[PDB]
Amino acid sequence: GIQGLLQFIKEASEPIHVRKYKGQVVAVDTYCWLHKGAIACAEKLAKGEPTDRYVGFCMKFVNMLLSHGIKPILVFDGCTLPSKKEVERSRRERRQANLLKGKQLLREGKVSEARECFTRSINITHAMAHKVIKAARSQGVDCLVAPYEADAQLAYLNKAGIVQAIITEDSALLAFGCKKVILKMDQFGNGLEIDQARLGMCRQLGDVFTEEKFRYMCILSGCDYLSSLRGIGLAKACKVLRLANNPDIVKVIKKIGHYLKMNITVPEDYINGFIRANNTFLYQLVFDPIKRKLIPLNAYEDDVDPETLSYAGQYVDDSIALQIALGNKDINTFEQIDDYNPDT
């Protein structure tokens, strides 16, 4: 959701081929592939007609990784995150709008236009993802459903040393503190890598290459958890953090118009939103696959009360988190759609 982030830090990126990670473990932001896969068969998906074309699309990529001796872990988005509800609403509204329009264009005969609308009405469901999971597993590929956003789960797997890199199209994964992200990776393995440790290569960040400041910059520029103040993008957010001296980020935001020589009113709820968004990048719940439990992405500090962090994912019993992670529990019916047992 950090619009314009990749161009802005392009200096820190390197063209690569995934051969680099041969014999290592890479995690995949699989909903990216799913959304790409679904475009080919949008019409049938919109009409409710049966399709599994998207499964073969994802499997091309999976197969390619395996051929180069990469051990992929496919990660899937799970339950809805309240911090993202506004964005979830606008996406839902847009899908609905386009689906209706396509249908009306079918009673018109304009199949060309109707196709353009359907393709923008695509909704990726757990049922669709679960078909990819079965395909993957049958080829011995580890799959994991995040309890909430795949984003934080990926970050967690990268930070824990479980995977060495993350394949995704979402550059905001860097604000979650991923070490290595591989973007724009094509079907042949060519892609664009950004390492957190090379963010200092990026001249226009100044000293906003440190984890905490980089996160603040991303949030300030406007992210999925929190719309920016009007007139603030990456460059001005970066500028505020460069020029600001005070460590207390709240006191800096309150006087943000000062650092920028702009008339910017900062509403009281914006500070609250900013804190919430910060806490969401930091403490969004993930599933530790080794101990098989729900944990915050980072350990709680001595400044956060975990009781107040519902918006970052509510805890559920670990036995339930397990069934979700294995893909057994449908997200929504919360009923068993499968009974895969990794032990046996």
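Throughout, we count residues from 1 along the sequence that is shown.
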Legend entry - Mean Cα B-factor comparison, 133-141 or 85-93, giving the higher one as deposited: 133-141
Legend entry - Of 234-242 and 261-269, the stretch whose C-alpha atoms average the higher B-factor in the entry: 261-269
Inset, instruction - Specify which of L34, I275, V304, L297 carries the largest Cα B factor in the deposited PDB entry. - result: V304
Inset, instruction - Could you say whether, by C-alpha temperature factor, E113 belongs to the lowest, middle or highest third of its chain? - result: highest
Legend entry - Among modelled residues of the same chain, the CA temperature factor third for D318: middle
Inset, instruction - Would you check the entry's CA temperature factor for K101 and let me know if it's in the chain's lowest, middle or highest third? - result: highest
Inset, instruction - Ordered by C-alpha B-factor within the chain, which third holds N63? Give me lowest, middle or highest, please. - result: highest
Legend entry - B-factor third for the C-alpha atom of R198 within its chain: middle
